[PDB]
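Below sits a lone chain in structure tokens, taken as the form deposited in one PDB entry.
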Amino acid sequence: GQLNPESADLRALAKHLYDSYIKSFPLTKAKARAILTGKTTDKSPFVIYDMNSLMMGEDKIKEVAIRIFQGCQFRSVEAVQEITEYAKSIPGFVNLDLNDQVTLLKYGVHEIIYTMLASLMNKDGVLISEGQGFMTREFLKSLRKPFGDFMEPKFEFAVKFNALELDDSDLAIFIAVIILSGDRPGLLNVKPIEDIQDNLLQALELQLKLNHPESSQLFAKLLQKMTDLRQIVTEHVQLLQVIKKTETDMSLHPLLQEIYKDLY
């Protein structure tokens, strides 16, 4: 490795992406970790860990599963708008065919939402209600089927992903690499997409080498996490298909339905 015009350009690209990341996403990983580790004075989230604590936190706030998925997708509109705004800052993205821009984003947003969801998770549970609540992992897992199976694969991804100890500067480039995936179905001009991702991948590799001296093959390990993200998305699409094809009267507490709407 040498400090040459090429490496300096890749550092400028990483800094540009980081600055747009900060402007586009008001809730960063650093802010989420500060809440989870009990270092935010102004924020002491209420902990929901069983049915008793669920009903005690009531004031702090068609199949049931479909309404949850409709509700959380509606609450995820802001995230989609922010991810879309971030993509405009990726050099070359707006010059692509508009159909390809929509295709890259319509598949990419789900993977990025799960990436950001992992920042809200530790081994014990996940932040909800704009950092004002904390829903434990085992309470979610204990809920009746199919609801008890919704979040557990995402916690399993989150613990492996968070063990990489990426920061917001790492995540900014990683998210850009997700968006510029030239293997999405329906893409018209794959080559200009791959040319941009090649630059983002070079910027990502250099960023990880400089920022994580104690990691081995972190570049490869991070890319393998895209395989986990796509598996999570595919499982949801499959579960919705079988839910659309199975008629099951599913009862769930309205407070739990509201909480699931803050998840994904």
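For the two forms, the rigid core is made up of the largest set of C-alpha atoms that agree within 1.5 Å on superposition. Quick note: we count residues from 1 along the sequence shown, nothing fancier.
Separately, the form deposited in another entry exists; it is not shown, and the next lines address it.
Enquirer: So, does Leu252 move by 2 Å or more at the CA between the shown form and the other one, with the core held fixed?
Expert: After core superposition, the displacement of the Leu252 C-alpha between the shown form and the other one reaches the 2 Å mark, so yes.
Enquirer: Has the Cα of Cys72 moved 2 Å or more between the shown form and the other one, judged after a core fit?
Expert: For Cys72, whose C-alpha is compared between the shown form and the other one after core superposition, the shift is 2 Å or more.
Enquirer: After a rigid core superposition, would you say the CA of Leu105 moves by 2 angstroms or more between the shown form and the other one, or not?
Expert: No; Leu105 is a residue whose C-alpha shifts by less than 2 Å between the shown form and the other one when the cores are overlaid.
Enquirer: With a change of at least 3 Å, which way does the C-alpha separation between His110 and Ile259 go in the other entry: closer or farther?
Expert: It is closer: the C-alpha separation of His110 and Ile259 falls by at least 3 Å in the other entry.
Enquirer: Kindly indicate if, in the other entry, the C-alpha atoms of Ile232 and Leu256 are closer or farther apart than in the structure shown, bearing in mind the change is 3 Å or more.
Expert: Distance between the C-alphas of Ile232 and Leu256: shorter in the other entry, by 3 Å or more.
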